[PDB]
């Protein structure tokens, strides 16, 4: 309905009927142009890690609780003193303009509607200021792709601070792009503007070209960069892409106020483990000294419960939210979170867990299947 550089964007704004989150992919495939769809759906190399992100949830099982003496489970929780209606949040994803003309503005509205946490992205088709304006008083985190150019870093961080963002997510697992075959097969050219890079170019970036700003992304990321971002913003800094206990501890020693356990939805180091399979050992080393956010493969209520029980404080979604955004805009995003909340409330009742803390204190079984 909206065209940008030859690419068709959804303008839909409606509640959507959701059977489950996995089925949103084939539904969204009918309306997202083939190149954009492949960009969103695909992982790196032969997609082994992407597939294992789903299958790894079967490595642990939830015990049904008999005679639990609870009813009406509550999804409410908190991070950094911010109250949330649900522990399910939006993973930062820079390609939401591939799904919808409103991009992260509609995603921001959907998260605000369910009282969930929104993460806005460096490469968004819409500006930090626009996305925060769309969300109103709803809490937002800002995901930074750090540049070699500290003028770029400080300009985007100042824009995030002006937009009242509550934390910075430093993404460190994409210093180069994974080898994604879908984009090669589709001969796909990313067709969207990058509103934050355009704004920097027009402001403190003194007219520097967009391709030059893009190419300035840092491949060399050190612990001292974490402390520098923390000192500059006086916001909590969360390191995203952690897949080992040792890296969690190095991040906390470098000044991180949070650990985001992620393999980038299996789009980066193919042949790395399923994200779920390293969560518990990471959480054991962290020992609750900072909040943990988990993503990569979460689709069912049982998956969310298992991630919380294995040491996550919040659980993020990427692809299912992008598909819901294409299918129904702001109300489409709302529908995805409401659907997953419903599947989680059922599991919590059957597992005897009244609150999100009770889920976190739940002991999963470990039979081999």
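Numbering follows the first chain given and starts at 1.
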**Report entry** Mean C-alpha temperature factor, higher of 183-191 and 260-268
**Finding:** 183-191
Report task. On mean C-alpha B-factor from the PDB entry, just flag whether 197-205 or 231-239 is the higher one. Result -> 197-205
Report task. Tell me which of 275, 219, 107, 122 tops the list for C-alpha B factor in the record. Result -> 219
**Report entry** Residue of maximum C-alpha B factor among 20, 355, 9, 349, per deposited coordinates
**Finding:** 9
Query raised in the report: Mind checking which third residue 247 falls in for C-alpha B-factor across the chain?
Result: middle
Report task. For residue 98, return the chain-relative third of its C-alpha B-factor as stated in the PDB record: lowest, middle or highest. Result -> middle
Query raised in the report: By the record's CA B-factor, is residue 30 among the lowest, middle or highest third of residues in the chain?
Result: highest
Report task. Divide the modelled residues of the chain into thirds by Cα B-factor and specify which third, lowest, middle or highest, holds residue 167. Result -> lowest
Query raised in the report: Among the chain's modelled residues, which third holds the C-alpha B-factor of residue 210?
Result: highest
